[PDB]
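[1] just need the structure, nothing else, for what follows:
(chains A, B, C, D, E, F, G and H)
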Amino acid sequence: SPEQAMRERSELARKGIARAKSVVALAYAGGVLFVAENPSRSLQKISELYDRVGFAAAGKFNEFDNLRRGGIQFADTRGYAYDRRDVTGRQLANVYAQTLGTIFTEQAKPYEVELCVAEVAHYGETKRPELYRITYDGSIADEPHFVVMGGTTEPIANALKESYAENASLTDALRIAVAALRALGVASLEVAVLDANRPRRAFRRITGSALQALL
Amino acid sequence: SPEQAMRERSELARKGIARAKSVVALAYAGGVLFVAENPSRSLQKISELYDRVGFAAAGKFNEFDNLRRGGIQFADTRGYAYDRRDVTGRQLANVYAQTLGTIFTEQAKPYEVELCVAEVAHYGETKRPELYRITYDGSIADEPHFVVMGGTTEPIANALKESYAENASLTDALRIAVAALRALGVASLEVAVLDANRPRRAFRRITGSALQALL
Amino acid sequence: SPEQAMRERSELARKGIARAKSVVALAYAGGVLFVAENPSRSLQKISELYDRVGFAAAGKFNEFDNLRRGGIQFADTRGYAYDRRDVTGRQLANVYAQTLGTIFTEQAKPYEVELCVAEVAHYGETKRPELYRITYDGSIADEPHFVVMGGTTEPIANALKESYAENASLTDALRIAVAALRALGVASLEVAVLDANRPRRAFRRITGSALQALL
Amino acid sequence: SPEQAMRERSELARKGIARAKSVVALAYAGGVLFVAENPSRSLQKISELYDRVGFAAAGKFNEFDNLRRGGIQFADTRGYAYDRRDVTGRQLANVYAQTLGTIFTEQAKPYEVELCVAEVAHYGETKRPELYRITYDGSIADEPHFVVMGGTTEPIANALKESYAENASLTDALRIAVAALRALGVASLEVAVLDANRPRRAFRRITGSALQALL
Amino acid sequence: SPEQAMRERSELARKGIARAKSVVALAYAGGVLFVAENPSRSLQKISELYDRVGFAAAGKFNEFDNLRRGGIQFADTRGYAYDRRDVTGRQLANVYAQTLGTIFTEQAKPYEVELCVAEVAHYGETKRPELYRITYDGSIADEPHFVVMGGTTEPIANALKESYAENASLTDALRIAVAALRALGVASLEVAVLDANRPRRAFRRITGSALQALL
Amino acid sequence: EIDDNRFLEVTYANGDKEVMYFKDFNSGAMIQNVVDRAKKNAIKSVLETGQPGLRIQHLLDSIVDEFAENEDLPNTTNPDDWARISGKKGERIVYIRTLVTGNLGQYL
Amino acid sequence: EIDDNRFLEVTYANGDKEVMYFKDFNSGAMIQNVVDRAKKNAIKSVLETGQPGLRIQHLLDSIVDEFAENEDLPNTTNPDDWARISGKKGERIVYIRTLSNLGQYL
Amino acid sequence: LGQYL
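    Numbers count the residues shown, from 1 in each chain, chains lettered A, B, ... in the order given. You can find the structure just below:
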């Protein structure tokens, strides 16, 4: 029966994403901000994908780090084969959607993962940040303001719905994101930005004492 | 019993096409017009296939985009192997007729897709637009006037049956197609044409302010 | 038990041939005449195989067009490997029989097809037209006068049994064949001949206004 | 069950062997005579295998023709690899036995075939004709006088038992063989000989008016 | 059922880790100390992995020695491909986690093993020892002070919790580790250190009379 | 033979969807029930409005009500029909659906 | 339609997740149980404070306390009654959901 | 298969 078992994975996967930590990504004046609840110092859930494309995920790590690696592979092979400015967040999001769909209908177990691909404009350029959410189905959604992944997403999504403000500075967006995430110190937070002002590589982690000052 | 399994495959494919947006393609004075109900700005359901051959689809995105890519591959390999004017809409339709049959009988789940291949005459040439509809069965129907794909096709097909007029201009055919499709603004419509007057590449999207003026 | 499962396959292939249009092929003064009931303008059920060997079929189109292509492949590889006058209708018929038997026993679903291979003599030569019918299992039968394929074959076969006349002209054989087939205008008929008088390529379609005059 | 397979496969193939026309092969003064009941003009059940080795079969045409082709292949590869006089009827019979045993145990369906390999002496040489019968399982039997294959073998075998005479001429052996086979004109008989008097190629068909005179 | 297979795999591996001797690893002034209860003189459960990276395991000997070998392979291939100071305990731990996440879900029987990867700083450098524990599921835990593997971990862990002291000398940490392990002479103990003071290769076994003096 | 008389559609091993109207479940008992319901409606009309007699429109309304009241009868399996339909069809009924009344992947 | 009276979460064959609130399960026996629980709360209030009265807040709290104890309105797997609601919906009901050492989750 | 020598 296609209905019982192709759907059977959908509950399985939904359950796996819920027994994980919560991640948020939101647009602010200087680009995009990723704020994840992460206790470990070695294992991460936020990553650079390409010059202006970042990536956050929530769910089984062996699976979303597998996707992290695959996406890095893809982006670099394209950038070298054509050029750096040709790889876009949109292509990456689409590849992740195809790949998560193919795992959903073929592999034994569906990837209990939820992805967010983020993109900002190039240096000295003007364009709105783009956020995409890719689910375990292979579904892809275009988000204008923020993405919330993993755990219980309702309270965080609503708190962000009240607190969100376009063109908020880095400190305000960090306060809003940590506040809505609570609905945690520098020893339990993974924070990075897609700073639109950087010349080439936009991704930049905010850790330690600098993070301490920001929050 | 393969007699019963085939029946559940056909029903599953039919439900998937019904559980999707609606696309129409109709002949007008300057060629063929594709009008689809599409909210996303990145994901598209209308595409150039070859110089004078266009393509619309309705069903599961990843699958009809798989077919989109396969068809592009095919057409370009032929055009280079023989010549550009040898690739015809008829060949393309036939290839998607046999690929969807093979998928429908051999793969685990049948593709839930409905295809429409369109062709117009070459530049300075005279010939009637040809529309073909390829179903998940692999059946190919030759349409003289318009094709309606995906969702509930009856009311749209009837509204077009009353409003259709051969040699309608671009604006009239757009009004007729949007009206019958309603049975939506520039932010929820994907509109493109196979303009028979272009010298080589006939496919041409109509978006933004130009689309705004046309409708 | 294997024989009983084979009985289930025989019926399924027969049901597909029954759910289809009817084709006739008969001998007349100038060679052999194929007359098929075919509404489409792109999809064809009559084809040239080699210089003097023609082919008609009735059943699922994807499967008898697969056979059409395979037969073309075979005939040309032989003609080039040895010579043109070495490829005979008899070899072709035999290959189709072997292939339909292998398909009927080894593949999941039997080809719901019925084939007729026709051959005439070479130019300036004298010899009677040969008709062979190959059925879905691999059986092959030698016909002296006419072959009827697909749909309900009894009334057409009997009407031909009363009307057939050896050495009938092209027009009389066309009238007899259309009459017995009715037991349809140029917009619903596919008509071709294996004209024994042509120097090399004997197959020749009769369409449009010339067909209009003949019938 | 191991017992079920052997008893059931045996019945499935003995049925299909009795479900076919009858062939006889008998020794006469000039060599060996094959007389088969065969209505078709293209499909044959008697064949040359090598210079002095002939072959007759009864069962399912596609399969014993597969064996016919395999045997030809074998004999020619040996004759070229070593020499012509090294290929013997005994080797051929043995290969057919190995192959029919392997088919009978390993393939899905057993070959519903019955084979007879015949051999005569070389030119200007003296030696008795050898007849071997290979059955569907791989069994091989050495016959001194005649082999009867396919259909109901009892009445034909007995009629031959009363009528057989060693060193009978070609005409008498033909009368005896046709008579015992009846227990049919030139339009329903396939007749050939392994004429021991020919210099190299001993196999020779007797068809048409010459056959008419002989019978 | 994915849930029943997960709860069955999990309770068998765990019935193997607790079905084995106990190993402890703890930080002390000169680096990290491994103390395992091991009767054999040839079979070892503590091993050098790379210059500053050590390895201890508890479970099924053939399997954790398989992992021992794979890790050695990995570390040397990296060290040669890039450089020695690029291979870190963190990479190794991560590879073991991916491997124990793939074995557990894909192989027939999960590996019944518990791993501990240890790392110290380079020579003349200052940095805290890092301990990671990889479970048979594929989870990795960052430990600040000590890891206990195999057998009855909870009683041994309770004793270490009371006796542990940072910057304890080699003799004190050995007394604490043997004491908590008892909760055994040089003929039943496997003792090795990751001595941070060594110039390059930090791993060093303590056996025989030197071990005798230390305890 | 109108859309109003379409009761149930039936799928089989072949799976061809064959419509079953109310006429396939008509019986003398149903006819008597319709007549009795029409008589009750006529008596109600006499009680309320005061005009005596029987009307054809009462019969039509009774037919409509009787047909609409039997929409919950069908179930997974129904005998007394299989030995008449699965014969000419040649395939056993595997599914029955009531006709017109009133994210598992991405589907652009 | 506020998310304070959530009762069940149903995922259909189409994959559409819908929250069925109490509005689709207001049986008369459920109303009786609500009233009885409110009266019990009134007993507790009058025996705690002494004032002989019934508060509207008693019934308001009993509304949400009614489903703290199961009423047999939800069922395991797919209920036959749900197959009836699913028939009205036109989409087959697939998931009923009320409202360690197994790998690593981040 | 009755072929036993």
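
[2] give the contact list for the residue of chain F found nearest chain B.
    The nearest approach of chain F to chain B comes at residue F:15, 3.0 Å away (Cβ to the nearest Cβ). From N, CA and C alone the C-beta is placed, and that goes for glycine too. Residue F:15 sits next to B:3-4, B:6-7, B:10, F:91, F:94 when contact means Cβ atoms under 8 Å, 6 or more residues apart in numbering or on different chains.

[3] please apply the same query to residue A:111.
    Residues in contact with residue A:111 (Cβ under 8 Å, 6+ apart) are A:13, A:59-60, A:63-64, A:67, A:100, A:103-104, A:136.

[4] now swap in residue A:181 and tell me
    Residues in contact with residue A:181 (Cβ under 8 Å, 6+ apart) are A:22, A:24, A:35, A:37, A:156.

[5] which helix or strand lies directly C-terminal to the helix or strand that contains it?
    Per DSSP states H and E, residue A:181 falls inside helix A:170-182. From helix A:170-182 onward toward the C-terminus, using DSSP H and E, the following helix or strand is strand A:189-195.

[6] residue A:162 - how many residues pack around it?
    By other Cβ atoms under 10 Å in any protein chain shown, 9 other residues sit near residue A:162.

[7] I meant to write residue A:114 there.
    Residues near residue A:114, counting by other Cβ under 10 Å, number 26.

[8] nearest spatial neighbour of it, chain-adjacent residues omitted?
    residue A:149 (4.5 Å; Cβ to Cβ, 6 or more residues apart in numbering or on different chains).

[9] next one: residue G:21
    Ranked by Cβ to Cβ, 6+ apart and with sequence neighbours excluded, the top spatial neighbour of residue G:21 is residue G:5, at 4.9 Å.

[10] and what of residue F:38?
    Nearest residue to residue F:38 in three dimensions, chain neighbours excluded: residue F:62, at 3.9 Å (Cβ to Cβ, 6+ apart).

[11] tell me where the longest helix sits in the chain.
    Chain wasn't specified; assuming chain A. helix A:61-81 (DSSP state H).

[12] looking at chain G here, not the other one
    Using DSSP H, we find that the single longest helix of chain G is helix G:28-49.

[13] what does chain F give?
    Using DSSP H, we find that the single longest helix of chain F is helix F:28-48.

[14] ok, how many other residues are close to the nearest residue to residue G:78 once chain neighbours are set aside?
    Spatial nearest neighbour of residue G:78, excluding adjacent residues (Cβ to Cβ, 6+ apart): residue G:93 at 5.7 Å. Using other Cβ under 10 Å, residue G:93 has 20 other residues around it.

[15] host element of the residue nearest in space to the middle of chain A?
    Nearest residue to the geometric centre of chain A (Cα atoms, centre = their mean): residue A:56, 2.5 Å. Assigned by DSSP H and E, residue A:56 falls within strand A:53-59.

[16] what's the neighbour count on the closest residue to chain H within chain A?
    Relative to chain H, the nearest point of chain A is residue A:108 (42.7 Å; Cβ to the nearest Cβ). By other Cβ under 10 Å, 10 other residues sit near residue A:108.

[17] for chain F, which segments count as strands?
    Ranges of strands in chain F, per DSSP state E, are F:6-12, F:18-21, F:93-98.

[18] which non-adjacent residue is nearest residue 1?
    I'll assume chain A. Spatial nearest neighbour of residue A:1, excluding adjacent residues (Cβ to Cβ, 6+ apart): residue B:8 at 7.9 Å.

[19] not quite, go with chain G.
    Of all residues not flanking residue G:1 in the chain, residue G:21 sits nearest, at 6.9 Å (Cβ to Cβ, 6+ apart).

[20] how far away is the closest residue to residue A:206 other than its chain neighbours from chain B?
    Among residues not flanking residue A:206 along the chain, residue A:191 sits closest, at 4.6 Å (Cβ to Cβ, 6+ apart). Residue A:191 is 28 Å from chain B, where distance means Cβ to the nearest Cβ, to the nearest Å.

[21] please apply the same query to residue A:49.
    According to Cβ to the nearest Cβ, residue A:49 stands 17 Å off from chain B.

[22] show me what residue of chain F gets nearest to chain D.
    Minimum separation of chain F from chain D (Cβ to the nearest Cβ) falls at residue F:13, amounting to 25.6 Å.

[23] er, chain A I mean
    Nearest to chain D, among the residues of chain A, is residue A:106, at 29.3 Å (Cβ to the nearest Cβ).

[24] and that residue, how many neighbours?
    When neighbours are counted by other Cβ under 10 Å, residue A:106 registers 9.

[25] need the contact partners of stretch G:75-90.
    If you take Cβ under 8 Å, 6+ apart as the criterion, stretch G:75-90 is touched by F:98, G:10, G:12, G:24, G:92-94, G:96.

[26] then that stretch to CSV, C-alphas only?
    C-alpha atoms of stretch G:75-90 as CSV (Å, rounded to 0.1, in the frame of the first residue of the first chain):
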residue,chain,number,x,y,z
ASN,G,75,-9.2,6.1,19.1
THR,G,76,-5.9,4.2,18.3
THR,G,77,-4.8,3.7,14.6
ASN,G,78,-7.7,4.7,12.3
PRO,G,79,-11.3,4.6,13.8
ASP,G,80,-14.3,3.4,11.7
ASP,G,81,-16.1,6.7,12.8
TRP,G,82,-13.1,8.6,11.5
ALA,G,83,-13.4,6.7,8.1
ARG,G,84,-17.0,8.3,8.1
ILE,G,85,-15.6,11.8,8.8
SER,G,86,-12.8,11.0,6.2
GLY,G,87,-15.6,10.1,3.7
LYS,G,88,-17.1,13.6,4.3
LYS,G,89,-13.6,15.2,4.0
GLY,G,90,-12.9,13.2,0.8
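
[27] in that stretch, what counts as buried?
    Burial within stretch G:75-90, assessed by neighbour count using 16 or more other Cβ atoms under 10 Å in any protein chain shown, is assigned to G:78, G:82, G:86, G:89.

[28] and the closest residue to chain C within chain A, what is it in contact with?
    Relative to chain C, the nearest point of chain A is residue A:2 (18.8 Å; Cβ to the nearest Cβ). Neighbour list for residue A:2: B:8, B:12, B:109 [criterion: Cβ under 8 Å, 6+ apart].
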